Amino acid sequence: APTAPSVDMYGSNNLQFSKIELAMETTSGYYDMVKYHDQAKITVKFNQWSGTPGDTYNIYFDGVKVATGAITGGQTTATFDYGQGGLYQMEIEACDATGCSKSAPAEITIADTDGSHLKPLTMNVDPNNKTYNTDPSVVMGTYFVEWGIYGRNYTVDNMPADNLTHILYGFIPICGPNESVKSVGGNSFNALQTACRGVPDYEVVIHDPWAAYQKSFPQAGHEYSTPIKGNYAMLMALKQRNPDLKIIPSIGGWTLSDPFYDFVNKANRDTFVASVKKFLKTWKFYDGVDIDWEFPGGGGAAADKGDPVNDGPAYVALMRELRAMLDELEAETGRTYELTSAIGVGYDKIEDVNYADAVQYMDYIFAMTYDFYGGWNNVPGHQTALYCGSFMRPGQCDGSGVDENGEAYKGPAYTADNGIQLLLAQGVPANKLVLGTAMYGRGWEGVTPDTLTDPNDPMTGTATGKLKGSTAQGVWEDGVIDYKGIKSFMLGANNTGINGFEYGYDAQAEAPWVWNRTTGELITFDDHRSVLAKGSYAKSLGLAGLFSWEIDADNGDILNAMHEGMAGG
(Lines of atoms letter the chains of each structure in order from A and count residues from 1; the text may use other names and numbers.)
(Lines give C-alpha, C1' and ligand atoms only; values in the text may rest on other atoms or scores of the structure.)
Protein backbone atom coordinates (compact mmCIF):
# COMPACT_ATOMS: atom_id res chain seq x y z
CA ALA A 1 0.00 0.00 0.00
CA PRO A 2 0.99 3.61 -0.62
CA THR A 3 1.74 6.05 2.15
CA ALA A 4 -1.45 7.07 3.93
CA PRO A 5 -2.78 10.29 2.36
CA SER A 6 -2.80 13.27 4.73
CA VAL A 7 -5.26 16.16 4.27
CA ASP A 8 -3.83 19.67 4.10
CA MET A 9 -6.67 21.48 5.86
CA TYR A 10 -5.47 24.96 4.97
CA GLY A 11 -5.03 23.85 1.35
CA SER A 12 -8.47 22.23 1.51
CA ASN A 13 -10.29 25.45 2.60
CA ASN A 14 -10.71 23.73 5.95
CA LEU A 15 -13.10 21.37 4.14
CA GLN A 16 -15.86 24.02 3.91
CA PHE A 17 -17.58 24.57 0.58
CA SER A 18 -20.74 26.25 -0.63
CA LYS A 19 -22.91 26.27 -3.76
CA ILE A 20 -23.67 29.97 -3.26
CA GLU A 21 -21.22 32.87 -2.93
CA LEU A 22 -22.75 35.74 -0.97
CA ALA A 23 -21.27 39.22 -0.67
CA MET A 24 -20.80 39.76 3.04
CA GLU A 25 -19.14 43.20 3.34
CA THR A 26 -20.93 45.38 0.77
CA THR A 27 -24.32 46.38 -0.63
CA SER A 28 -24.55 46.20 -4.41
CA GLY A 29 -26.77 45.05 -7.24
CA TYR A 30 -28.44 41.70 -6.66
CA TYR A 31 -26.10 39.88 -9.05
CA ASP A 32 -22.99 41.53 -7.65
CA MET A 33 -24.03 39.99 -4.30
CA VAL A 34 -25.59 36.60 -5.22
CA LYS A 35 -23.87 33.91 -7.34
CA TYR A 36 -25.35 30.43 -7.40
CA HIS A 37 -23.82 27.23 -8.78
CA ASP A 38 -25.48 23.89 -9.41
CA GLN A 39 -22.07 22.27 -8.83
CA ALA A 40 -19.84 23.28 -5.93
CA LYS A 41 -16.18 23.48 -6.95
CA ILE A 42 -14.62 21.17 -4.33
CA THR A 43 -10.85 21.34 -3.78
CA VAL A 44 -9.03 18.86 -1.52
CA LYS A 45 -5.28 18.93 -1.05
CA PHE A 46 -3.31 16.12 0.58
CA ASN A 47 0.29 15.22 1.31
CA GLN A 48 2.31 12.00 1.07
CA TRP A 49 5.83 13.13 1.93
CA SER A 50 9.19 11.40 1.31
CA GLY A 51 7.35 8.14 0.77
CA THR A 52 5.44 6.13 -1.83
CA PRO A 53 2.39 8.16 -2.89
CA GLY A 54 1.00 5.60 -5.39
CA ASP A 55 -0.66 5.91 -8.79
CA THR A 56 -4.23 7.12 -8.28
CA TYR A 57 -6.52 8.69 -5.70
CA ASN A 58 -10.16 8.07 -4.85
CA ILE A 59 -12.30 10.34 -2.66
CA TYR A 60 -15.29 8.95 -0.79
CA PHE A 61 -18.16 10.67 1.00
CA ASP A 62 -19.63 8.27 3.56
CA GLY A 63 -17.96 5.38 1.74
CA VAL A 64 -19.26 6.43 -1.70
CA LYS A 65 -16.88 7.36 -4.51
CA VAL A 66 -17.15 10.98 -5.63
CA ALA A 67 -13.73 11.73 -7.12
CA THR A 68 -10.75 10.03 -8.67
CA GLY A 69 -7.54 11.07 -10.37
CA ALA A 70 -3.85 10.32 -10.69
CA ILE A 71 -1.19 10.72 -8.03
CA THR A 72 2.20 12.05 -9.07
CA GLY A 73 4.23 13.14 -6.05
CA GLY A 74 3.85 14.02 -2.38
CA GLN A 75 1.50 16.97 -2.98
CA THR A 76 -1.83 16.23 -4.66
CA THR A 77 -4.56 18.86 -5.18
CA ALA A 78 -7.90 17.26 -6.13
CA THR A 79 -10.72 19.32 -7.68
CA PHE A 80 -14.17 18.13 -8.74
CA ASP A 81 -17.84 19.08 -8.88
CA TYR A 82 -20.39 18.23 -6.23
CA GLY A 83 -24.01 19.27 -6.62
CA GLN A 84 -25.72 18.12 -3.43
CA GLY A 85 -25.44 19.94 -0.12
CA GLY A 86 -24.72 18.33 3.21
CA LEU A 87 -22.18 17.16 5.76
CA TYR A 88 -20.07 14.16 4.77
CA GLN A 89 -17.43 11.90 6.32
CA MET A 90 -14.77 12.26 3.66
CA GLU A 91 -11.94 9.78 3.14
CA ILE A 92 -8.92 9.93 0.77
CA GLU A 93 -7.69 6.67 -0.71
CA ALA A 94 -4.36 6.31 -2.50
CA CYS A 95 -3.87 3.17 -4.57
CA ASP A 96 -1.26 1.42 -6.65
CA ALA A 97 -0.52 -2.14 -7.76
CA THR A 98 0.14 -3.30 -4.17
CA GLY A 99 -3.10 -2.08 -2.57
CA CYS A 100 -4.73 1.05 -1.16
CA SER A 101 -3.99 3.40 1.74
CA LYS A 102 -6.55 5.74 3.28
CA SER A 103 -6.75 8.93 5.29
CA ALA A 104 -8.74 9.10 8.48
CA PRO A 105 -12.29 10.38 7.85
CA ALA A 106 -12.77 14.16 8.05
CA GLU A 107 -16.09 16.02 7.90
CA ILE A 108 -16.59 17.97 4.65
CA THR A 109 -19.26 20.67 4.52
CA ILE A 110 -21.05 21.48 1.24
CA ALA A 111 -23.46 24.31 2.00
CA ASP A 112 -26.66 24.72 -0.07
CA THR A 113 -29.72 26.96 0.26
CA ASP A 114 -32.02 24.12 1.38
CA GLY A 115 -30.26 23.96 4.73
CA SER A 116 -29.16 20.39 3.95
CA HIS A 117 -25.86 21.22 5.70
CA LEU A 118 -27.38 22.73 8.86
CA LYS A 119 -28.38 21.43 12.31
CA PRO A 120 -32.02 22.10 13.27
CA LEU A 121 -32.49 25.65 14.50
CA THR A 122 -32.40 26.31 18.25
CA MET A 123 -35.73 27.96 19.05
CA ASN A 124 -36.26 30.82 21.50
CA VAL A 125 -40.06 31.11 21.56
CA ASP A 126 -42.06 33.00 24.15
CA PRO A 127 -43.62 30.19 26.28
CA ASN A 128 -46.99 31.94 26.33
CA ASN A 129 -47.19 30.16 22.97
CA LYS A 130 -48.88 26.97 24.11
CA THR A 131 -48.43 23.42 22.93
CA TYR A 132 -51.15 22.12 20.65
CA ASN A 133 -52.25 18.83 19.10
CA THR A 134 -51.42 20.14 15.67
CA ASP A 135 -53.56 18.97 12.75
CA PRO A 136 -51.25 19.20 9.71
CA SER A 137 -54.20 19.34 7.25
CA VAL A 138 -55.46 22.73 8.58
CA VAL A 139 -53.76 25.94 7.44
CA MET A 140 -52.27 28.02 10.28
CA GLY A 141 -50.43 30.76 8.42
CA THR A 142 -48.67 33.90 9.47
CA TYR A 143 -46.50 36.65 8.05
CA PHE A 144 -42.90 37.18 9.19
CA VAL A 145 -41.45 40.54 8.10
CA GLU A 146 -37.84 41.00 6.98
CA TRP A 147 -37.38 44.32 8.85
CA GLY A 148 -38.78 42.98 12.11
CA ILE A 149 -35.24 42.01 13.18
CA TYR A 150 -34.42 45.68 13.86
CA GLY A 151 -36.40 47.80 16.29
CA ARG A 152 -39.14 45.24 16.79
CA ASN A 153 -36.25 42.85 17.51
CA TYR A 154 -38.14 39.69 16.46
CA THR A 155 -36.08 36.96 14.82
CA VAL A 156 -36.75 33.73 12.99
CA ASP A 157 -36.02 31.68 16.13
CA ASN A 158 -38.79 33.48 18.01
CA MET A 159 -41.43 32.02 15.68
CA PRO A 160 -43.80 29.40 17.12
CA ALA A 161 -43.05 27.02 14.25
CA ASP A 162 -44.71 23.99 15.87
CA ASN A 163 -47.99 25.95 15.73
CA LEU A 164 -47.58 26.98 12.08
CA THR A 165 -47.97 25.24 8.74
CA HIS A 166 -47.38 28.29 6.56
CA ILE A 167 -44.82 31.13 6.88
CA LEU A 168 -45.19 34.07 4.46
CA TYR A 169 -41.91 36.03 4.26
CA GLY A 170 -42.57 39.73 3.59
CA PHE A 171 -41.49 41.08 1.26
CA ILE A 172 -39.73 40.48 -2.04
CA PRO A 173 -39.60 43.56 -4.32
CA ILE A 174 -40.00 43.74 -8.09
CA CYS A 175 -37.52 45.96 -9.93
CA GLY A 176 -39.10 48.75 -11.95
CA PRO A 177 -41.59 51.50 -11.08
CA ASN A 178 -41.65 51.80 -7.30
CA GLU A 179 -42.48 55.40 -6.36
CA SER A 180 -44.61 53.91 -3.59
CA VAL A 181 -41.44 52.80 -1.77
CA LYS A 182 -40.69 56.47 -1.00
CA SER A 183 -43.59 57.10 1.40
CA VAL A 184 -42.13 54.40 3.63
CA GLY A 185 -39.42 57.02 4.12
CA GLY A 186 -35.97 56.20 5.40
CA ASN A 187 -33.44 54.36 3.24
CA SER A 188 -36.04 52.08 1.64
CA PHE A 189 -36.24 53.46 -1.91
CA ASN A 190 -32.46 53.83 -1.99
CA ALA A 191 -32.01 50.22 -0.85
CA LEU A 192 -34.24 49.12 -3.73
CA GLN A 193 -32.38 51.19 -6.33
CA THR A 194 -29.09 49.65 -5.12
CA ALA A 195 -30.38 46.06 -5.41
CA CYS A 196 -31.86 46.73 -8.88
CA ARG A 197 -28.65 48.12 -10.44
CA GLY A 198 -27.85 45.76 -13.29
CA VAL A 199 -31.23 44.04 -12.85
CA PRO A 200 -33.76 44.02 -15.72
CA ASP A 201 -37.10 45.58 -14.91
CA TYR A 202 -39.74 43.16 -13.49
CA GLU A 203 -37.19 40.81 -11.93
CA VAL A 204 -37.46 39.94 -8.24
CA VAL A 205 -34.62 40.86 -5.88
CA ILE A 206 -33.85 40.82 -2.19
CA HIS A 207 -34.64 44.25 -0.74
CA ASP A 208 -32.42 44.08 2.36
CA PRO A 209 -29.57 41.58 1.96
CA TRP A 210 -28.24 42.53 5.38
CA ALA A 211 -31.36 41.09 7.03
CA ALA A 212 -31.82 38.34 4.42
CA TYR A 213 -28.41 36.63 4.50
CA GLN A 214 -25.69 38.93 5.86
CA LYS A 215 -26.34 39.55 9.57
CA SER A 216 -24.37 37.25 11.86
CA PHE A 217 -26.90 35.74 14.30
CA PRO A 218 -25.11 34.24 17.36
CA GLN A 219 -27.99 32.03 18.45
CA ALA A 220 -27.71 30.47 15.00
CA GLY A 221 -23.98 29.80 15.48
CA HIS A 222 -22.92 32.20 12.73
CA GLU A 223 -19.28 33.20 12.36
CA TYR A 224 -17.12 35.16 9.94
CA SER A 225 -16.47 32.29 7.52
CA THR A 226 -20.12 31.23 7.55
CA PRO A 227 -21.28 31.10 3.89
CA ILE A 228 -24.98 31.96 4.57
CA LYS A 229 -26.24 34.06 7.43
CA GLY A 230 -29.17 36.31 8.37
CA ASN A 231 -32.86 35.47 8.16
CA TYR A 232 -32.42 33.03 5.29
CA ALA A 233 -29.81 30.78 6.96
CA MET A 234 -32.18 30.73 9.95
CA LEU A 235 -35.21 29.80 7.81
CA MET A 236 -32.99 27.12 6.23
CA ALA A 237 -32.13 25.68 9.64
CA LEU A 238 -35.82 25.96 10.55
CA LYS A 239 -36.72 23.67 7.66
CA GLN A 240 -34.37 20.99 9.03
CA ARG A 241 -36.19 21.19 12.38
CA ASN A 242 -39.68 21.43 10.83
CA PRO A 243 -39.49 19.79 7.40
CA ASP A 244 -43.24 19.95 6.66
CA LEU A 245 -43.50 23.66 7.40
CA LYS A 246 -44.14 25.67 4.23
CA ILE A 247 -41.96 28.76 3.92
CA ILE A 248 -43.11 30.89 1.00
CA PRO A 249 -41.79 34.18 -0.44
CA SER A 250 -44.29 37.03 -0.42
CA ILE A 251 -43.89 39.32 -3.45
CA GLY A 252 -45.34 42.80 -3.35
CA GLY A 253 -47.43 44.05 -0.45
CA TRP A 254 -48.60 47.56 0.26
CA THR A 255 -45.59 49.61 -0.84
CA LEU A 256 -43.93 47.13 -3.24
CA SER A 257 -46.90 46.59 -5.60
CA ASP A 258 -46.30 49.33 -8.20
CA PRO A 259 -44.66 47.05 -10.82
CA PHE A 260 -47.63 44.63 -10.91
CA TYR A 261 -49.63 47.18 -12.91
CA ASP A 262 -47.34 46.66 -15.93
CA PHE A 263 -48.04 42.89 -15.99
CA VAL A 264 -50.72 43.69 -18.57
CA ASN A 265 -47.69 43.35 -20.89
CA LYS A 266 -47.01 39.64 -21.22
CA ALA A 267 -43.34 40.30 -21.89
CA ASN A 268 -43.02 41.84 -18.43
CA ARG A 269 -44.71 38.76 -16.98
CA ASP A 270 -42.31 36.50 -18.90
CA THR A 271 -39.35 38.31 -17.36
CA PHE A 272 -40.95 38.27 -13.90
CA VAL A 273 -41.93 34.59 -13.88
CA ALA A 274 -38.48 33.54 -15.08
CA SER A 275 -36.82 35.53 -12.31
CA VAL A 276 -39.17 33.81 -9.86
CA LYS A 277 -37.99 30.39 -11.07
CA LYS A 278 -34.31 31.33 -10.75
CA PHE A 279 -35.12 32.72 -7.28
CA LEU A 280 -36.62 29.42 -6.12
CA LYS A 281 -33.78 27.45 -7.73
CA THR A 282 -31.31 29.74 -5.96
CA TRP A 283 -33.09 29.83 -2.58
CA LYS A 284 -34.12 26.21 -2.13
CA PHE A 285 -35.77 26.55 1.31
CA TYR A 286 -38.76 28.31 -0.28
CA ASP A 287 -41.82 26.18 -1.06
CA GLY A 288 -43.65 28.22 -3.69
CA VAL A 289 -44.67 31.82 -4.37
CA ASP A 290 -47.23 34.14 -2.83
CA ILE A 291 -48.40 37.16 -4.88
CA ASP A 292 -49.47 40.15 -2.79
CA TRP A 293 -50.56 42.56 -5.52
CA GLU A 294 -52.41 45.47 -3.87
CA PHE A 295 -54.52 45.63 -6.05
CA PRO A 296 -55.71 44.89 -9.54
CA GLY A 297 -57.86 47.84 -10.58
CA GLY A 298 -56.12 50.19 -8.16
CA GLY A 299 -56.96 51.39 -4.69
CA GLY A 300 -53.52 50.70 -3.19
CA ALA A 301 -50.52 52.83 -2.28
CA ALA A 302 -50.23 54.36 -5.75
CA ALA A 303 -53.17 56.68 -6.28
CA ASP A 304 -51.50 56.72 -9.69
CA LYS A 305 -52.22 53.20 -10.98
CA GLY A 306 -55.03 50.68 -11.38
CA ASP A 307 -56.88 49.39 -14.44
CA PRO A 308 -60.26 47.87 -13.52
CA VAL A 309 -60.60 46.69 -17.12
CA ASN A 310 -57.29 44.87 -17.77
CA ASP A 311 -55.72 44.17 -14.34
CA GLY A 312 -58.07 41.27 -13.59
CA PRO A 313 -57.07 39.36 -16.73
CA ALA A 314 -53.41 40.19 -16.16
CA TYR A 315 -53.64 38.52 -12.71
CA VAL A 316 -55.43 35.42 -14.09
CA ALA A 317 -52.80 35.12 -16.85
CA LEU A 318 -50.05 35.61 -14.26
CA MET A 319 -51.41 32.75 -12.11
CA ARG A 320 -51.55 30.42 -15.11
CA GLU A 321 -48.00 31.26 -16.17
CA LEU A 322 -46.73 31.04 -12.58
CA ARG A 323 -48.51 27.70 -12.22
CA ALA A 324 -46.98 26.36 -15.46
CA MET A 325 -43.51 27.51 -14.42
CA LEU A 326 -43.84 25.86 -10.99
CA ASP A 327 -45.07 22.70 -12.70
CA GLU A 328 -41.85 22.45 -14.64
CA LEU A 329 -39.86 23.15 -11.47
CA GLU A 330 -41.76 20.31 -9.79
CA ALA A 331 -40.71 18.13 -12.71
CA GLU A 332 -37.07 19.14 -12.34
CA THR A 333 -36.84 18.58 -8.55
CA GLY A 334 -39.56 16.11 -7.63
CA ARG A 335 -40.82 18.70 -5.14
CA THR A 336 -44.28 20.16 -4.78
CA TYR A 337 -44.65 23.92 -5.08
CA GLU A 338 -47.56 26.01 -3.83
CA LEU A 339 -48.98 29.13 -5.46
CA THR A 340 -50.91 31.52 -3.23
CA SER A 341 -52.02 35.14 -3.07
CA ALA A 342 -53.24 37.65 -0.50
CA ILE A 343 -56.16 39.74 -1.74
CA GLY A 344 -58.42 42.53 -0.70
CA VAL A 345 -61.90 41.56 0.42
CA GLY A 346 -63.78 44.82 0.07
CA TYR A 347 -66.36 44.43 -2.70
CA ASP A 348 -64.59 47.06 -4.82
CA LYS A 349 -61.36 45.03 -4.74
CA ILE A 350 -63.03 41.65 -5.33
CA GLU A 351 -65.04 42.66 -8.39
CA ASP A 352 -61.82 43.55 -10.25
CA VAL A 353 -60.70 39.92 -10.67
CA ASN A 354 -62.47 36.78 -11.85
CA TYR A 355 -61.08 34.63 -9.06
CA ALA A 356 -62.90 31.64 -10.50
CA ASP A 357 -60.57 31.80 -13.52
CA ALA A 358 -57.37 32.30 -11.50
CA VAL A 359 -58.16 30.05 -8.53
CA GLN A 360 -57.90 27.01 -10.79
CA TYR A 361 -54.12 27.56 -10.61
CA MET A 362 -53.73 28.45 -6.95
CA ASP A 363 -53.46 26.57 -3.66
CA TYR A 364 -54.83 29.19 -1.28
CA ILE A 365 -56.25 32.70 -1.27
CA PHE A 366 -55.22 34.57 1.88
CA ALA A 367 -58.30 36.79 2.37
CA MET A 368 -57.04 40.02 3.97
CA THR A 369 -60.02 40.23 6.34
CA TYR A 370 -58.77 43.27 8.21
CA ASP A 371 -57.93 46.97 7.81
CA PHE A 372 -61.66 47.64 7.20
CA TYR A 373 -61.36 50.84 9.23
CA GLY A 374 -58.45 52.80 10.58
CA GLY A 375 -56.59 56.01 11.20
CA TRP A 376 -56.25 57.20 7.62
CA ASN A 377 -59.49 58.98 8.54
CA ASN A 378 -61.62 59.70 11.63
CA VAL A 379 -64.44 57.11 11.24
CA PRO A 380 -64.40 54.60 14.13
CA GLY A 381 -65.17 51.04 13.10
CA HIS A 382 -64.39 47.37 13.49
CA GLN A 383 -61.23 46.85 11.44
CA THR A 384 -61.43 43.05 11.41
CA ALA A 385 -65.05 42.09 12.08
CA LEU A 386 -66.74 38.86 11.09
CA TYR A 387 -70.12 40.58 10.60
CA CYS A 388 -71.56 44.10 10.40
CA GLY A 389 -71.56 45.99 13.70
CA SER A 390 -74.55 47.85 15.10
CA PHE A 391 -72.84 51.21 14.42
CA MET A 392 -73.62 50.73 10.73
CA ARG A 393 -76.63 52.64 9.40
CA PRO A 394 -79.64 50.87 7.84
CA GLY A 395 -78.99 49.26 4.50
CA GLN A 396 -75.26 49.93 5.00
CA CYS A 397 -74.23 46.32 5.55
CA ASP A 398 -75.53 45.17 2.16
CA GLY A 399 -75.08 48.58 0.48
CA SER A 400 -78.82 49.15 -0.10
CA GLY A 401 -79.04 52.34 2.02
CA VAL A 402 -77.61 55.86 1.81
CA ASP A 403 -74.95 57.49 3.95
CA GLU A 404 -75.50 60.10 6.65
CA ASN A 405 -74.97 62.92 4.12
CA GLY A 406 -77.82 61.54 1.99
CA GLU A 407 -75.40 59.89 -0.46
CA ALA A 408 -76.01 56.30 -1.59
CA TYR A 409 -73.88 53.23 -0.83
CA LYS A 410 -72.08 51.67 -3.82
CA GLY A 411 -71.39 48.20 -2.41
CA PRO A 412 -71.68 46.03 0.71
CA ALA A 413 -69.85 47.06 3.85
CA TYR A 414 -66.30 46.06 4.80
CA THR A 415 -66.54 42.83 6.81
CA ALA A 416 -64.91 39.43 6.42
CA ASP A 417 -68.19 37.63 5.73
CA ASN A 418 -69.27 40.16 3.09
CA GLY A 419 -65.90 39.42 1.53
CA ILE A 420 -66.04 35.62 1.75
CA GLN A 421 -69.62 35.42 0.47
CA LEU A 422 -68.66 37.59 -2.52
CA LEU A 423 -65.87 35.07 -3.26
CA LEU A 424 -68.07 32.00 -2.78
CA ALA A 425 -70.64 33.64 -5.05
CA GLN A 426 -67.86 34.06 -7.62
CA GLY A 427 -67.13 30.32 -7.61
CA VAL A 428 -64.03 30.18 -5.42
CA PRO A 429 -64.03 26.81 -3.61
CA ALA A 430 -64.35 27.27 0.14
CA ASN A 431 -61.43 24.89 0.78
CA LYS A 432 -58.97 27.30 -0.83
CA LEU A 433 -59.90 30.40 1.16
CA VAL A 434 -57.91 31.23 4.31
CA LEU A 435 -59.47 33.64 6.75
CA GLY A 436 -57.24 36.44 8.06
CA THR A 437 -56.77 37.35 11.71
CA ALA A 438 -55.18 40.59 12.91
CA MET A 439 -52.38 40.59 15.52
CA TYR A 440 -52.48 44.38 15.73
CA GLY A 441 -55.02 47.06 16.54
CA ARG A 442 -56.00 50.17 14.65
CA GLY A 443 -57.03 53.14 16.72
CA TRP A 444 -58.02 56.77 17.11
CA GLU A 445 -57.83 59.50 19.70
CA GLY A 446 -60.56 61.84 20.91
CA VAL A 447 -63.64 59.61 20.60
CA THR A 448 -65.08 61.13 23.73
CA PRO A 449 -68.42 59.77 25.06
CA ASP A 450 -70.15 62.93 23.86
CA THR A 451 -69.33 62.16 20.22
CA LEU A 452 -71.45 59.01 20.46
CA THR A 453 -74.93 58.78 18.90
CA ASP A 454 -75.45 55.41 20.59
CA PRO A 455 -74.07 55.69 24.14
CA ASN A 456 -73.39 51.92 24.34
CA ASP A 457 -71.09 51.89 21.30
CA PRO A 458 -68.00 54.08 20.87
CA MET A 459 -67.86 52.66 17.31
CA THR A 460 -70.73 55.15 17.00
CA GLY A 461 -68.62 58.23 17.80
CA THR A 462 -66.14 60.40 15.91
CA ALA A 463 -62.38 60.64 16.30
CA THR A 464 -60.05 63.59 16.66
CA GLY A 465 -57.07 61.79 15.15
CA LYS A 466 -54.91 58.69 15.22
CA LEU A 467 -53.87 56.81 18.33
CA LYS A 468 -50.46 57.84 19.61
CA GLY A 469 -47.89 55.93 21.61
CA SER A 470 -44.34 54.71 22.02
CA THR A 471 -42.38 51.95 20.35
CA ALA A 472 -42.29 50.24 23.76
CA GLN A 473 -46.10 50.09 23.77
CA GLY A 474 -46.11 48.51 20.30
CA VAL A 475 -47.05 51.68 18.38
CA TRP A 476 -44.66 51.64 15.42
CA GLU A 477 -46.76 54.03 13.33
CA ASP A 478 -49.45 56.44 14.50
CA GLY A 479 -52.85 54.80 14.77
CA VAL A 480 -51.50 51.22 14.68
CA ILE A 481 -50.59 49.04 17.65
CA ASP A 482 -49.21 45.51 18.19
CA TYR A 483 -51.63 43.18 19.94
CA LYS A 484 -49.02 42.37 22.59
CA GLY A 485 -48.87 46.11 23.20
CA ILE A 486 -52.65 46.25 23.57
CA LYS A 487 -52.44 43.28 25.91
CA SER A 488 -49.94 44.70 28.35
CA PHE A 489 -50.83 48.41 28.10
CA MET A 490 -54.65 48.48 27.67
CA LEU A 491 -56.07 45.06 28.49
CA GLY A 492 -53.90 44.05 31.45
CA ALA A 493 -53.43 40.62 32.96
CA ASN A 494 -57.17 40.00 33.55
CA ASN A 495 -58.28 41.59 30.25
CA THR A 496 -60.64 43.91 32.15
CA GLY A 497 -59.04 47.29 31.29
CA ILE A 498 -56.06 49.24 32.69
CA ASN A 499 -54.63 52.77 32.52
CA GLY A 500 -58.08 54.24 31.79
CA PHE A 501 -59.23 51.77 29.14
CA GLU A 502 -62.44 49.76 29.18
CA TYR A 503 -63.10 46.51 27.34
CA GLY A 504 -66.12 46.03 25.08
CA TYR A 505 -67.33 43.42 22.61
CA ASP A 506 -69.80 43.78 19.75
CA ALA A 507 -71.35 40.30 19.94
CA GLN A 508 -73.17 40.90 16.68
CA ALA A 509 -70.04 41.70 14.65
CA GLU A 510 -67.72 39.45 16.71
CA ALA A 511 -65.34 42.35 17.32
CA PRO A 512 -63.69 43.60 20.52
CA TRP A 513 -62.46 47.03 21.40
CA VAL A 514 -60.75 48.88 24.21
CA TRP A 515 -61.84 52.43 24.87
CA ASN A 516 -60.41 55.17 27.13
CA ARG A 517 -63.36 57.35 28.09
CA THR A 518 -61.07 60.20 29.18
CA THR A 519 -58.54 60.45 26.36
CA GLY A 520 -61.15 59.27 23.87
CA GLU A 521 -58.67 56.65 22.62
CA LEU A 522 -60.41 53.81 20.76
CA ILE A 523 -58.74 50.62 19.49
CA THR A 524 -60.24 47.90 17.26
CA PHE A 525 -58.37 44.61 17.11
CA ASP A 526 -58.64 40.81 17.17
CA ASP A 527 -58.87 39.13 20.59
CA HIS A 528 -59.23 35.60 21.97
CA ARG A 529 -63.01 35.52 21.65
CA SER A 530 -63.14 37.10 18.20
CA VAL A 531 -60.53 34.72 16.80
CA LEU A 532 -62.57 31.86 18.29
CA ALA A 533 -65.55 33.17 16.32
CA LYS A 534 -63.37 33.07 13.20
CA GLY A 535 -62.37 29.48 13.86
CA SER A 536 -66.03 28.50 14.19
CA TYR A 537 -66.92 30.44 11.03
CA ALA A 538 -64.03 28.83 9.11
CA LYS A 539 -65.08 25.31 10.16
CA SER A 540 -68.74 26.05 9.41
CA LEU A 541 -67.82 27.11 5.87
CA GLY A 542 -65.19 24.50 4.96
CA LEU A 543 -62.50 27.21 4.81
CA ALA A 544 -58.97 25.93 4.52
CA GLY A 545 -57.83 27.57 7.78
CA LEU A 546 -56.66 30.82 9.33
CA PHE A 547 -53.68 33.12 8.82
CA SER A 548 -52.33 36.15 10.61
CA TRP A 549 -50.58 39.45 10.03
CA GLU A 550 -47.94 39.87 11.53
CA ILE A 551 -46.29 37.29 13.81
CA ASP A 552 -43.83 39.64 15.61
CA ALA A 553 -46.82 41.53 17.02
CA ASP A 554 -48.40 38.47 18.63
CA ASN A 555 -47.59 37.53 22.22
CA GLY A 556 -48.96 33.98 21.97
CA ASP A 557 -52.62 34.77 22.64
CA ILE A 558 -53.71 35.20 19.02
CA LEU A 559 -52.00 32.14 17.57
CA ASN A 560 -53.31 30.15 20.58
CA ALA A 561 -56.85 31.41 19.98
CA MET A 562 -56.36 30.44 16.34
CA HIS A 563 -55.56 26.82 17.19
CA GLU A 564 -58.30 26.52 19.82
CA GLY A 565 -61.06 28.02 17.67
CA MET A 566 -60.00 25.56 14.98
CA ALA A 567 -60.05 22.50 17.27
CA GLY A 568 -62.84 19.93 17.19
CA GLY A 569 -65.86 19.94 14.88
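Residues carry their position along the shown sequence, with the first being 1.
- Judged by mean Cα B factor in the deposited record, 346-354 ranks above the other of 346-354 and 146-154.
- Higher average CA B factor: 39-47, of the stretches 529-537 and 39-47.
- The PDB entry gives the largest Cα B-factor of the residues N418, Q219, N378, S257 to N378.
- For the set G170, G297, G446, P209, the PDB entry assigns the largest Cα B-factor to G446.
- Per the PDB record, residue ranking by Cα B-factor puts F80 in the middle third of the chain.
- When all modelled residues of the chain are sorted by CA temperature factor, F279 is found within the lowest third.
- In this PDB entry, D162 carries a Cα temperature factor that places it within the middle third of its chain's modelled residues.
- The PDB entry assigns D478 a C-alpha temperature factor belonging to the highest third of its chain's modelled residues.
- Annotation for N560: C-alpha temperature factor in the lowest third relative to the rest of the modelled chain, per the entry.
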